[PDB]
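Worksheet for the structure shown next.
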Amino acid sequence: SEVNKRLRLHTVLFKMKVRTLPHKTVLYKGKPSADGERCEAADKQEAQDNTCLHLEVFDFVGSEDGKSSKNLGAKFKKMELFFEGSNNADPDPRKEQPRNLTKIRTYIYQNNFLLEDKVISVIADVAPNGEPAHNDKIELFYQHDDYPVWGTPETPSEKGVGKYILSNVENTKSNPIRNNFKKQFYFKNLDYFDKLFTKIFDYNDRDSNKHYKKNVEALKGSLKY
Amino acid sequence: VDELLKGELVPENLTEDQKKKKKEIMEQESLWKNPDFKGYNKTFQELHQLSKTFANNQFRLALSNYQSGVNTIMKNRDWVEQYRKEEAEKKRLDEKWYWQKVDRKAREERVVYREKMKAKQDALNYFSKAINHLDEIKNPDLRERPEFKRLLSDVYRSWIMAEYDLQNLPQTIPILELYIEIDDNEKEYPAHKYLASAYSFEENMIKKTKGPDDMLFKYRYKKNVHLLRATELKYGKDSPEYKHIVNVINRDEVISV
Amino acid sequence: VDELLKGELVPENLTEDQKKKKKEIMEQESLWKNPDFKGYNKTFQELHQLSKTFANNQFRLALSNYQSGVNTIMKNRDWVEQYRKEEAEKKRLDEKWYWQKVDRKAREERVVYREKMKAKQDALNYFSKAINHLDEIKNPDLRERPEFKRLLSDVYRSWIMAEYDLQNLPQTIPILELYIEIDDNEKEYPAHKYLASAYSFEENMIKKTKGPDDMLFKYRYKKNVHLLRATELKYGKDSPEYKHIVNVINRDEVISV
């Protein structure tokens, strides 16, 4: 797919301060927490100590029927990029070289208050770059109504329940779960956050040009007298 | 590679184990040969909807509706071209004032406009019937064949183009979305151009009638998504055209600081 | 220290004994799974409002409105700057008098003031929706978090600045008093500048309509209290500007000798 290679260019966000964010979008940077499960927001967002990106997009249940304000539930889909090694010495974020990805974590949350339905889906790919076919290194974790508890591995009796790897499921013509998973959700999910990451940087990069132009404009006010 | 040149969804007709199975089955039914029999239970007869012959047949019906609906548009262009050709060829012996031309020329346009809009609805019915033939096939094995992918794209392509002229923009949204989920159709800019207009059309309707902001953002978001996506697929990224669209979307959407 | 960095009120995921209690209750609801259940008595279901997930959704609902409402103010300023820029760039090929320029200048100031009052009302609608979402959270523990006090103050500040542009001074007094009681917001001088003006407006209306002097004394006193407080927080005590305000207040108030 070569998509995750293009995600390597998104390391410029570490040394660039984030001011322009789209509606219902949350982004910050920090250091990996214990066990490398998630990211912990650093107190300073410009230091080289940070090695991770956190990006969250949240929505509301009932926005498809105009009842978003009715408080029918909450949902959010967020993805993170894990980087290895320290940042470059210079603090300029314009010139940053592509860097490898430790792992790509996909988090899906969807809770319905009235139906008392809650779906939490976690997808982690510990081998983003290095091998085009790394199915066995893709961890899937499905939780439904707080069952099973976090960290419970898949059992042969309950297939698909709990944390497991992508290679467990079949790719038969009868139930091509794996092939559909790549075509239906995974390919579109990566591209959606790929464009969004570029969307955030270009917006904040543009504001750098304007403030240079704003100073030029106020200086021309002296030419009239 | 031409999928339509095949002329069939799949050519349906080896193993001695299978051949021996065929011989014993045909003789069981030959003893029960009752050509006038009609089963009281439809469940066993419904299994024929999964056969290759059934799918090889519904493909022809949709194709016939598609091919006939093509001729409606094709013949309409020939008529209009011949119509305006004859208007300038016949002598106008009673024409000596300037405003005579303006009214006569304007009369031709209303004649031509009636011809085109009549052709569209005449062609649209063939396209709509073609859709119902494709959606009733229940063989997922034969739904991924190249022939099915080509025709379902061509039927949807002509269906959306014809529906656009009748100002039925909101009805093209479900068909357009199903069109961009087949093969490399998502890489074509025209498919994303209509989505920009269609979602803009729905955006105005909620805006005009003063609906909830929730549906406004949904149509506004999908508008900007396929407006920028169509820009990428025509001029390329980081093009001067692409840069201007971002500024337009910049004021259009909502940002947080 | 960005309180709204994570975009949530309180983070959500320990004791093995507590982990055991959550196990048995979760298994109890497994037997009684009924998505179609609707309680006749809502008292039990209304206790869900105290849950952390309830406050997370309410906070992000109010946060969503704030981003949209603030965008209205920012987009309006962007267009006003753009509109003024375009006006000076277009060529006036039919203007050769000084009074013509003044009338043309008065046209733009009418258009700009027309758009601002339209923009403020659109923004004020969004900020009102954000306020209501914050007021339907009934957990005092979650009402003291840094995330909560950040958004409640930011919403009020953007709400009052939008309200004052629409000449609705008397509505700002109840909101201003609630703003100066959150964290160290009482230390800000701008929050006391609007209080000085709002109580001055009520001072005039009571005097103009020949109302009771009791409401006049109360509103006059509140004006002097916050007028002096605003100068103290900006120009500092025992400063020449502070000395000037003491002269006005002593002149304006009643002193018994």
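Residues in the structure tokens are named by chain (A, B, ... in the order shown) and by number from 1 within that chain; ligands are numbered from 1 in the order shown.
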
How close does each residue of chain C get to chain A, giving the shortest atom pair and distance in Å to one decimal for every residue with an atom at most 10 Å away, counting only C-alpha atoms, sorted by chain and residue number, as a Markdown table?
| residue | atom | partner | partner_atom | distance |
| --- | --- | --- | --- | --- |
| C:1 | CA | A:43 | CA | 6.9 |
| C:2 | CA | A:43 | CA | 8.8 |
| C:4 | CA | A:26 | CA | 9.0 |
| C:5 | CA | A:28 | CA | 6.8 |
| C:6 | CA | A:26 | CA | 6.5 |
| C:7 | CA | A:26 | CA | 6.0 |
| C:8 | CA | A:26 | CA | 9.4 |
| C:13 | CA | A:150 | CA | 9.8 |
| C:19 | CA | A:149 | CA | 9.6 |
| C:22 | CA | A:146 | CA | 9.4 |
| C:23 | CA | A:149 | CA | 8.9 |
| C:26 | CA | A:146 | CA | 7.6 |
| C:27 | CA | A:147 | CA | 9.1 |
| C:29 | CA | A:145 | CA | 9.5 |
| C:30 | CA | A:145 | CA | 9.3 |
| C:33 | CA | A:116 | CA | 9.6 |
| C:34 | CA | A:115 | CA | 8.6 |
| C:35 | CA | A:115 | CA | 5.2 |
| C:36 | CA | A:115 | CA | 7.5 |
| C:37 | CA | A:115 | CA | 8.5 |
| C:38 | CA | A:114 | CA | 8.9 |
| C:45 | CA | A:114 | CA | 9.6 |
| C:48 | CA | A:113 | CA | 8.8 |
| C:53 | CA | A:74 | CA | 8.1 |
| C:54 | CA | A:73 | CA | 8.1 |
| C:56 | CA | A:74 | CA | 8.1 |
| C:57 | CA | A:74 | CA | 5.7 |
| C:58 | CA | A:71 | CA | 7.4 |
| C:60 | CA | A:24 | CA | 8.3 |
| C:61 | CA | A:69 | CA | 7.2 |
| C:62 | CA | A:69 | CA | 9.5 |
| C:63 | CA | A:24 | CA | 8.4 |
| C:64 | CA | A:24 | CA | 6.3 |
| C:65 | CA | A:23 | CA | 9.5 |
| C:66 | CA | A:23 | CA | 9.9 |
| C:67 | CA | A:23 | CA | 6.6 |
| C:68 | CA | A:23 | CA | 7.4 |
| C:71 | CA | A:23 | CA | 9.4 |
| C:129 | CA | A:69 | CA | 8.9 |
| C:133 | CA | A:69 | CA | 8.6 |

Would you put the residues from that selection into a file with N, CA, C and O atoms, as a compact mmCIF listing (two decimals), in the first residue's frame?
# COMPACT_ATOMS: atom_id res chain seq x y z
N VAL C 1 0.64 25.56 30.32
CA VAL C 1 -0.30 24.62 30.91
C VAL C 1 -1.66 24.75 30.25
O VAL C 1 -2.49 25.56 30.67
N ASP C 2 -1.90 23.96 29.21
CA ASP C 2 -3.15 23.99 28.46
C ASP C 2 -4.12 22.99 29.10
O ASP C 2 -3.93 21.78 28.98
N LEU C 4 -7.26 22.56 28.17
CA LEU C 4 -8.02 21.96 27.09
C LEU C 4 -7.14 21.27 26.05
O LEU C 4 -7.57 21.10 24.91
N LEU C 5 -5.92 20.87 26.43
CA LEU C 5 -5.04 20.21 25.48
C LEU C 5 -5.60 18.85 25.06
O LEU C 5 -5.55 18.50 23.88
N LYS C 6 -6.13 18.09 26.01
CA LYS C 6 -6.63 16.75 25.72
C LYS C 6 -8.07 16.74 25.21
O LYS C 6 -8.54 15.69 24.75
N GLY C 7 -8.77 17.87 25.28
CA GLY C 7 -10.14 17.92 24.78
C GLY C 7 -11.12 17.07 25.55
O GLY C 7 -12.00 16.44 24.95
N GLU C 8 -11.00 17.04 26.88
CA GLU C 8 -11.92 16.29 27.72
C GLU C 8 -11.89 16.88 29.12
O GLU C 8 -10.97 17.61 29.49
N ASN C 13 -10.25 5.51 32.36
CA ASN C 13 -9.50 4.31 32.00
C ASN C 13 -10.13 3.61 30.80
O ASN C 13 -9.65 3.74 29.67
N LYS C 19 -12.15 -4.60 41.38
CA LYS C 19 -12.22 -5.30 40.10
C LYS C 19 -13.12 -6.52 40.17
O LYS C 19 -13.72 -6.92 39.16
N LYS C 22 -16.89 -5.21 40.00
CA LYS C 22 -17.28 -4.86 38.64
C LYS C 22 -17.52 -6.10 37.79
O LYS C 22 -18.27 -6.04 36.81
N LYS C 23 -16.91 -7.23 38.15
CA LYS C 23 -17.09 -8.45 37.37
C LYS C 23 -18.48 -9.03 37.56
O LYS C 23 -19.13 -9.44 36.58
N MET C 26 -21.30 -6.75 35.98
CA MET C 26 -21.28 -6.86 34.53
C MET C 26 -21.90 -8.16 34.06
O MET C 26 -22.54 -8.21 33.00
N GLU C 27 -21.73 -9.24 34.83
CA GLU C 27 -22.35 -10.51 34.46
C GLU C 27 -23.84 -10.53 34.76
O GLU C 27 -24.59 -11.26 34.10
N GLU C 29 -25.92 -7.98 34.24
CA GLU C 29 -26.56 -7.35 33.10
C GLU C 29 -26.51 -8.21 31.85
O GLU C 29 -27.24 -7.94 30.89
N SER C 30 -25.66 -9.24 31.83
CA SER C 30 -25.62 -10.15 30.68
C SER C 30 -26.93 -10.91 30.54
O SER C 30 -27.43 -11.09 29.42
N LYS C 33 -30.09 -8.51 29.33
CA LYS C 33 -29.81 -7.70 28.15
C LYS C 33 -31.11 -7.45 27.39
O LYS C 33 -31.72 -8.39 26.86
N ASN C 34 -31.55 -6.19 27.35
CA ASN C 34 -32.78 -5.83 26.67
C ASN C 34 -32.65 -4.40 26.17
O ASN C 34 -32.97 -3.44 26.89
N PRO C 35 -32.17 -4.21 24.94
CA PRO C 35 -32.01 -2.84 24.42
C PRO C 35 -33.33 -2.10 24.25
O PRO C 35 -33.31 -0.87 24.14
N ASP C 36 -34.45 -2.80 24.23
CA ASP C 36 -35.76 -2.19 24.06
C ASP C 36 -36.41 -1.79 25.38
O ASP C 36 -37.55 -1.32 25.37
N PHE C 37 -35.72 -1.98 26.50
CA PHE C 37 -36.29 -1.62 27.79
C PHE C 37 -36.39 -0.11 27.94
O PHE C 37 -35.46 0.63 27.60
N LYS C 38 -37.52 0.35 28.46
CA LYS C 38 -37.76 1.77 28.71
C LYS C 38 -38.41 1.90 30.08
O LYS C 38 -39.54 1.45 30.29
N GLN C 45 -32.85 6.00 36.05
CA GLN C 45 -32.10 6.30 34.84
C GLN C 45 -31.49 7.70 34.89
O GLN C 45 -30.43 7.93 34.29
N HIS C 48 -27.77 8.43 35.78
CA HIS C 48 -26.70 8.35 34.80
C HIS C 48 -26.06 9.71 34.55
O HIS C 48 -24.92 9.77 34.07
N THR C 53 -18.76 9.61 32.01
CA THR C 53 -18.99 9.67 30.57
C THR C 53 -20.06 10.70 30.23
O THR C 53 -20.00 11.33 29.16
N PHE C 54 -21.04 10.89 31.11
CA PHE C 54 -22.06 11.92 30.90
C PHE C 54 -21.42 13.30 30.86
O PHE C 54 -21.73 14.12 29.98
N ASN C 56 -18.26 13.96 30.21
CA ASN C 56 -17.37 14.05 29.05
C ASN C 56 -18.14 14.48 27.81
O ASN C 56 -17.64 15.28 27.00
N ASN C 57 -19.35 13.95 27.63
CA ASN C 57 -20.14 14.31 26.46
C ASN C 57 -20.68 15.74 26.58
O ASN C 57 -20.69 16.48 25.59
N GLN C 58 -21.12 16.13 27.77
CA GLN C 58 -21.59 17.50 27.97
C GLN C 58 -20.46 18.51 27.76
O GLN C 58 -20.68 19.57 27.16
N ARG C 60 -17.74 18.15 25.87
CA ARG C 60 -17.38 18.23 24.46
C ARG C 60 -18.51 18.82 23.62
O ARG C 60 -18.25 19.35 22.54
N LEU C 61 -19.75 18.72 24.09
CA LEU C 61 -20.84 19.44 23.43
C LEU C 61 -20.66 20.94 23.57
O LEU C 61 -20.73 21.68 22.58
N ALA C 62 -20.43 21.42 24.80
CA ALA C 62 -20.20 22.84 25.01
C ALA C 62 -18.92 23.30 24.33
O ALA C 62 -18.86 24.41 23.79
N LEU C 63 -17.88 22.47 24.36
CA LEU C 63 -16.63 22.81 23.68
C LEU C 63 -16.84 22.94 22.17
O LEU C 63 -16.25 23.82 21.53
N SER C 64 -17.68 22.08 21.59
CA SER C 64 -17.94 22.15 20.16
C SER C 64 -18.61 23.46 19.78
O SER C 64 -18.26 24.07 18.76
N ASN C 65 -19.57 23.91 20.59
CA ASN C 65 -20.24 25.18 20.31
C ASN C 65 -19.28 26.35 20.40
O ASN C 65 -19.34 27.28 19.59
N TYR C 66 -18.38 26.33 21.39
CA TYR C 66 -17.43 27.42 21.56
C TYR C 66 -16.54 27.57 20.33
O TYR C 66 -16.26 28.69 19.90
N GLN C 67 -16.08 26.46 19.77
CA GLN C 67 -15.24 26.53 18.58
C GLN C 67 -16.00 27.12 17.40
O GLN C 67 -15.45 27.93 16.64
N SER C 68 -17.26 26.73 17.22
CA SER C 68 -18.07 27.29 16.14
C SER C 68 -18.36 28.76 16.37
O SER C 68 -18.24 29.58 15.45
N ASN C 71 -15.33 30.83 15.85
CA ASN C 71 -15.02 30.89 14.43
C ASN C 71 -15.82 31.98 13.73
O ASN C 71 -15.32 32.62 12.80
N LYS C 129 -25.73 28.21 23.40
CA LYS C 129 -25.85 26.75 23.44
C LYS C 129 -24.74 26.13 24.27
O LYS C 129 -24.96 25.15 24.99
N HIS C 133 -25.09 23.70 27.96
CA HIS C 133 -24.47 22.39 28.14
C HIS C 133 -23.63 22.34 29.41
O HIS C 133 -23.60 21.32 30.11

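Minimum atom-to-atom distance to residue 132 in chain A, evaluated using only C-alpha atoms, belongs to A:4 out of A:204, A:97, A:167, A:4.
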
ask   = For chain B, which residues have at least one atom within 12 Å of chain C, if we go by only C-alpha atoms? Write them as a PyMOL selection string, please.
value = chain B and resi 213-214+217+247-257

Would you save the residues of that selection, restricted to C-alpha atoms, as a short mmCIF file (atom, residue, chain, number, x, y, z; two decimals), in the first residue's frame?
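File written: again.cif
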data_model
loop_
_atom_site.label_atom_id
_atom_site.label_comp_id
_atom_site.auth_asym_id
_atom_site.auth_seq_id
_atom_site.Cartn_x
_atom_site.Cartn_y
_atom_site.Cartn_z
CA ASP B 213 -26.83 22.77 12.12
CA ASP B 214 -25.97 19.06 12.44
CA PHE B 217 -22.10 20.43 8.78
CA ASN B 247 -8.17 29.17 1.01
CA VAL B 248 -11.82 28.94 -0.05
CA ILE B 249 -12.37 25.96 2.25
CA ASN B 250 -10.37 27.78 4.96
CA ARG B 251 -13.05 30.46 5.31
CA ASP B 252 -15.88 28.00 4.63
CA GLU B 253 -15.16 25.48 7.38
CA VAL B 254 -14.71 25.93 11.15
CA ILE B 255 -11.26 26.17 12.75
CA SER B 256 -10.23 26.50 16.39
CA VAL B 257 -7.46 28.63 17.88
#

inquiry  = Based on the backbone DSSP call, show me all residues of range 10-124 of chain B assigned helix (DSSP H, G or I), as a PyMOL selection string.
reply    = chain B and resi 16-31+42-50+52-89+98-124

query = What's the 12 Å shell around range 197-208 of chain B, counting only C-alpha atoms, without same-chain residues fewer than 5 positions away, as a PyMOL selection string?
reply = (chain A and resi 66) or (chain B and resi 160+163-164+167-177+190-192+213-227+230)

inquiry  = Report, in Å to a single decimal, how far apart CA of residue 9 in chain C and CA of residue 147 in chain C are.
reply    =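 Pair CA of residue 147 in chain C / CA of residue 9 in chain C returns 5.4 Å.
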
task = Just give me the gap between CA of residue 237 in chain B and CA of residue 196 in chain B in Å, one decimal is fine.
result =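 Result for CA of residue 237 in chain B versus CA of residue 196 in chain B: 17.9 Å, one decimal.
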